[PDB]
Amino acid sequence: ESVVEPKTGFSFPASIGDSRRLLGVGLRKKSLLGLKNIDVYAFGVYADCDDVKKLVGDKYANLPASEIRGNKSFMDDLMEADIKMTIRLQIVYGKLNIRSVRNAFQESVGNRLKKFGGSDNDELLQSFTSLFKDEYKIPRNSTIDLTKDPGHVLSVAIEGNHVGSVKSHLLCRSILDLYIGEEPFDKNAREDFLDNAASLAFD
């Protein structure tokens, strides 16, 4: 059964393709001046069950969920492992403009690329940006699917239409870090993701 993000009311399927399970749902906000804040989009983080089970079975053999979750290394082990994942975004804010959005993800993704990769990923960041070169609008209720395909290949689909891919371990890691890393857009979503990822191997 679908999972509804309460604040926005947006719904996310419990799974995608029977193999990719929804583990966490959150909101990406934009902090404005003072007490002003805007909910930009809701997101759902999915992970392939078999891939997660293999990681746990290999690095956390015979350990209970609580002990797996209790390991400070768990989060980084998941992100670095070859685990197929999907980040589904559903636009909440209705007055976004393409220029503003491009500058926003260039900054967020850019911040992460320099954090994890060579001090010169401009071309890498540009290959990502180019995926949205044909988009002129980004209205409320639009759905974007960012997927980590085998071999750390980042694929993007907008409104159900595949728009391109970029094979880069660095890019995959950077983007995922925004949602499930040390400094995520939504801490509650990250905690749920880690809690459920830890439990997923025992289903």
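So that there is no doubt, residue numbering starts at 1 and follows the sequence shown.
Mean C-alpha B-factor comparison - 37-45 and 165-173, higher one: In the deposited entry, the stretch with the higher C-alpha B-factor mean is 165-173.
Mean C-alpha B-factor comparison - 188-196 and 9-17, higher one: According to the PDB entry, the answer is 9-17.
Out of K84, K115, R88, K72, residue topping the C-alpha B-factor column of the entry: Top of the list by C-alpha B-factor: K115.
Entry-reported Cα temperature factor of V92, expressed as the chain third it lands in: It falls in the bottom third of the chain.
Where the record places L154 (Cα B-factor, split into thirds across the chain): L154: CA B-factor falls in the middle third of its chain.
CA B-factor placement of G160, once the chain's modelled residues are sorted into thirds: Tercile = highest for this residue's CA B-factor.
Modelled-residue ranking by C-alpha temperature factor, third containing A65: Bottom third by C-alpha B-factor.
Chain thirds of CA B-factor: placement of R28: Lowest third.
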